[PDB]
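Here you'll find one protein chain in two forms, each presented separately as structure tokens under the names structure 1 and structure 2.
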Structure 1
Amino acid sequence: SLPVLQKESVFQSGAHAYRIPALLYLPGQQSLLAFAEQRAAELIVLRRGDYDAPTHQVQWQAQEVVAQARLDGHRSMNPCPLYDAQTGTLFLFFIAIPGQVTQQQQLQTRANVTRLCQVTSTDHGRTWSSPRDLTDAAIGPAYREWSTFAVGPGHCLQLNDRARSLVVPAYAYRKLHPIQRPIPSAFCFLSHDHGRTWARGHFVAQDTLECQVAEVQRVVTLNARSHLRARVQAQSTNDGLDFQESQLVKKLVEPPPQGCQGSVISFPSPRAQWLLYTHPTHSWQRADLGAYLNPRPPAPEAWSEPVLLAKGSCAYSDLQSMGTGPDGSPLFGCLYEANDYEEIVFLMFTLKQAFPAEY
């Protein structure tokens, strides 16, 4: 989007202390929660921001550490927030890894010591519950078959099915062969009971990493980072438990050989749903963050050419729809890494600003 409503650095560090953004919109409060990892143990920080209607700007409040989102002796990473519309409760899923090499790792280099955790809030994110280790309940037997894993980063998904199911995007490094290095593959964790029980979905294609999911029958579309020149996408008709054959989305470039995390969300069509996605647009560098639109999701061929949101160094990003903007079109919030990881920038713009040809 050429013109934007707001562009503000919400996290800054010449030492690259802030990375891995996660954004969550609270529709009732009309506020945003911006999460990020803070490095030197590694912790998750947060800044609350209220959408001020009179000025149509988000007023960001002081930064605070999410003290509860951590396990003793562990580093916290990959903030993955979710708003449960049925209860109003907020979930912050995250990963916890020992701060130093453990005795177990000393004997078995690839031993899994990564933990899946969560903290919840019933007061719009002002205070959080003590951490809950979901590892055993969500992963189970497969745990020892991986070297490590992660969720998100970025916002999770809640479906519009009867149960208002929760879907948490993830990926795991599978220890498929003793000599070969572990291979990552994306998948989803699924809960039909607001996080009481969890099911682990089947993996999508091999060599897929950080991913996010959106809903558009109702299908869950998973958009993942790859080591190829294009994004990998797959759709599921059973809430993410099983995905149809993965596809390469040539219209969405991925800078080889490492690729970069990107974000995707669905939003009500301005005419079903459309998809909005953000990711760097350079063919081989993490640069020039762009916004892409898919008016006939999840068809890979329907993705639009990107509109430049920010020129220069840009990496990870996270999107959130924020209701209706001042001009009458869908409002969006985007948190992204910029300037060689020296900052995390917040951008707010509308669909009309980003894709004027639509109006």
Structure 2
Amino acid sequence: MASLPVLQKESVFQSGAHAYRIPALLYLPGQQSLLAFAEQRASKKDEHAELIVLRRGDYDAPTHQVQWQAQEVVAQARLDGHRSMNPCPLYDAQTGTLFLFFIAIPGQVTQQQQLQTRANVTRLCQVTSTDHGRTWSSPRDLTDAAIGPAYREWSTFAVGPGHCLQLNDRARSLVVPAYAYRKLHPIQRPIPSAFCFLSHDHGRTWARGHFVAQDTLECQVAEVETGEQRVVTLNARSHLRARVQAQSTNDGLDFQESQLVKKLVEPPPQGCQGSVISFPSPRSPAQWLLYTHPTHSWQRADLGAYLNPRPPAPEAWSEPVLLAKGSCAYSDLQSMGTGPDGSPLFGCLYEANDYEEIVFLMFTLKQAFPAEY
């Protein structure tokens, strides 16, 4: 009946003078440290978002616990006159550059407004750091160079939220998951579709991948090595009572085999954000997928961990394991290497209790799916 016993469970953000939503977790392997980001908002409402805050947590091997340093605002992560949303972190292991992608929206202009008027005013931005978050560069607006001509074709858009992906292709490409509302019919209202932004030069230039032929929203991507190639699995939010899963054989440019995965429930009326990561298989496939998302048929509750030992086969998704009882919403996963018990170690940030705190969970595969051992 109880939720899963884990290595650590600590609230790293709490409502106070500000509210905190939309978690993003990024693991730094060389430091054995985590960077937890979140939207520091004036209230729980989406349009009250303001700045992005951060906390550095250092894993202590002797105690197998993470001690977090004090939170601080990423002062540089903002455009004058705009509120910052959707933190999407990414570390470039080759350049030693830490990236924080996010969107900036004028004052409190809502998503609803952009949708009803078919008028886009959202900006795509970023900030970088060479000392693991100690200091940040000035912000940079990537809208023109990354969206350009397509801007007028979308009512609005967003990235992530959550960790991004750096591929294992020769260029070590940066992949930023996203979605946009497409103006397709003169009368019918624009339909949203997932897609990815792509950079093959360590963040110098960007491009837009193609859309998932389905009414899809927020998504995340993970890279899996099959017996023949590297594939990018995309897991997206949907309003059809089930998640939509698609696959790409060309590093994010095209997604196919789009379909509903009835085993992964989505609550009404439009679903909820979820997270997906790949990690070293304990054993044919080299990597397995772990996914976290609410498991309730009618509301956002009971965060579950799902395992796919035969990725990306839709019917291979396991039944969920209960990670947290009650109100649970957005989440973000990170693989942290080998844990204290020899099995894959995981870090997970998730919204809990009617959006009043963001909890950090650390557990292993042995703890979550013991039947595997």
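Structure 1's sequence is the ruler for residue numbers, which start at 1. If you superpose the two forms and keep the largest set of C-alpha atoms that fall within 1.5 Å, you have the rigid core. Shifts are known only where both forms have a C-alpha.
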| item | value |
| --- | --- |
| 2 Å-or-more CA mover between structure 1 and structure 2, where superposition uses the core and the choices are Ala111, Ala137, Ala230, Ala142 | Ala111 |
| Large Cα move at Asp288 between structure 1 and structure 2, threshold 2 Å, rigid core | no |
| C-alpha of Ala205 off by 2 Å or more between structure 1 and structure 2 on rigid core | yes |
| Is_shifted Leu71 between structure 1 and structure 2 (CA, 2 Å cut-off, rigid core) | no |
| Shift in Å of the C-alpha at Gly328 between structure 1 and structure 2 after core superposition | 0.3 |
| Per-residue Cα shift, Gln180, between structure 1 and structure 2 [Å; core superposed] | 4.2 |
| For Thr102, CA displacement between structure 1 and structure 2 after the core is overlaid, in Å | 11.7 |
| Consecutive-residue runs (3+) with Cα displacement of 2 Å or more between structure 1 and structure 2, core aligned | 14-16, 100-111, 174-183, 205-207 |
